[PDB]
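As the structure lists them, so they are numbered: ligands from 1, and atoms in each ligand from 1. Residue numbers run from 1 in the order of the sequence given.
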Amino acid sequence: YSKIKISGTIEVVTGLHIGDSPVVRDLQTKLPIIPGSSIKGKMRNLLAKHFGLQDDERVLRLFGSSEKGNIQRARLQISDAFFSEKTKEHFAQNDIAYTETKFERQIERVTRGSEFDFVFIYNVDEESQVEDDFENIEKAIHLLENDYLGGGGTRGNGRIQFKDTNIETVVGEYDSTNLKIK
Ligand SMILES: [Ca+2]
Ligand SMILES: [Ca+2]
Ligand SMILES: [Sm+3]
Ligand SMILES: [Sm+3]
Ligand SMILES: [Sm+3]
Ligand SMILES: [Sm+3]
Ligand SMILES: [Sm+3]
Ligand SMILES: [Sm+3]
């Protein structure tokens, strides 16, 4: 019943729109946010499509499902990803813009170079499957990085990168030191 914490940074590589059309924002700070659901759903679709080369246990067990029939609980809890303090300070001091509005309709985007702190929590529901689940999480990441988040994907927008990923057992004594994403 251990929990493993995956934390790191999501960096924007090309303008990010998650919804004339403003980007979604934290109510508390009015700063852009990447919702966990955005991340969850995109990683699920992508990893499903990957394996599909009728659901797959491996996708189900990490992400769960809201769909008919399913009872399987998600091992992987995905937080909202928040505008990093490092980003706020740097952009403030150097008069850098963290959003910009362009014509396609009028579209707000999070600027290249903005970074968000992210956090996944992994529940060890079945000790024998941790290694495989962690390979699959990694694969999901890589697929998201060779794809896109939110809108404007096909015109090259919404490219993000994961980096500085730290793995740590925050509940229980499960030995997670061998685990690595990248
Ligand atoms: Ca570690
Ligand atoms: Ca610990
Ligand atoms: Sm389905
Ligand atoms: Sm095996
Ligand atoms: Sm590996
Ligand atoms: Sm990459
Ligand atoms: Sm991809
Ligand atoms: Sm990376």
- Message: Between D133 and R61, does any side-chain N to carboxylate O distance fall below 4.0 Å?
- Response: yes
- Is the shortest side-chain N to carboxylate O distance from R73 to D125 below 4.0 Å?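 Salt bridge: no.
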- Query: Taking the Ca ion (ligand 1) as the centre, how many protein N/O/S atoms fall inside a distance shorter than 3.0 Å?
  - Reply: 1
- Note on the structure: The side chain to side chain contact (heavy atoms under 4.5 Å, CB included) partners of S37 (sequence neighbours excluded) come to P35
- Please round to the nearest 0.5 Å and tell me the distance separating atom NZ of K40 and atom CG of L76.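 Spacing of NZ (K40) from CG (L76) equals 6.0 Å.
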- Is any side-chain heavy atom of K49 less than 4.5 Å from a side-chain heavy atom of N45?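 When only atoms from C-beta onward are counted, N45 and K49 do touch, with a gap below 4.5 Å.
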- Item | Within 45° cone and under 6.0 Å: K42 NZ/CZ vs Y148 ring | yes
